[PDB]
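Heads up, the chain below is alone and in the form deposited without this ligand; it's given as structure tokens.
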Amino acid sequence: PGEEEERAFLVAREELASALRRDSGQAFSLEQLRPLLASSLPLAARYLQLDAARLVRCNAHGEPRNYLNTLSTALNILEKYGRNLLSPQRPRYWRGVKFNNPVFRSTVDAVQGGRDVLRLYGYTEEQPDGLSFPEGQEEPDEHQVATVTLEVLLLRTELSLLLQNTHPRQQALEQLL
């Protein structure tokens, strides 16, 4: 894995995290994602906040066409939590997540590790039925939220590519499953 690929990787990570801070609702192209998506960098080197290998491995129950979809659905909702925390107007209720919610039950809690991703955003205080930002913390940490959101987006993107039979490393990745 070369010097140029490693440098491109980090430049992309910083550029896209900055873009998410600047305008958290914008869509990103595959071209923008390329330096993070078609690189020869190992998994442990590409995901620095999420343990992406564990998120997949722990949920690798039954048929990949199904569990990759289940993970994608959870990641979509987790990516909206991060984009909303970065938005010039955060939704009301942004400070807390309630587990007793029908969408939450069928999405984020349909995968092992879903709640821990919310913790990485800053929802670190345990509550009777959910998680919240601690009272002493006034605002989200934009750098932390943006890097987590980008990794959630990237992993959703890779899983979507595998489901579309179009991942740059589709064959090697399918053998692993």
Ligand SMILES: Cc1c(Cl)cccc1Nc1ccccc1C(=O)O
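The first residue of the sequence shown is number 1, and the count goes up from there.
Keep in mind that the form solved in complex with this ligand is missing from the display, and what follows is about it.
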Residue 115 near this ligand in the bound PDB entry, any heavy atom under 4.5 Å?
no
Give a yes/no on whether residue 159 approaches this ligand to within 4.5 Å in the bound PDB entry, heavy atoms considered.
yes
In the bound PDB entry, does residue 33 come within 4.5 Å of this ligand, counting heavy atoms only?
no
Decide whether residue 111 counts as a contact residue for this ligand in the bound PDB entry under a heavy atom distance cut-off of 4.5 Å.
no
Report the stretch among 53 to 61, 116 to 124, 135 to 143, 25 to 33 that approaches this ligand in the bound PDB entry to within 4.5 Å, counting heavy atoms only.
53 to 61
Do any residues of 18 to 51 have a non-hydrogen atom within 4.5 angstroms of this ligand in the bound PDB entry? If so, which ones, in sequence order?
43, 46
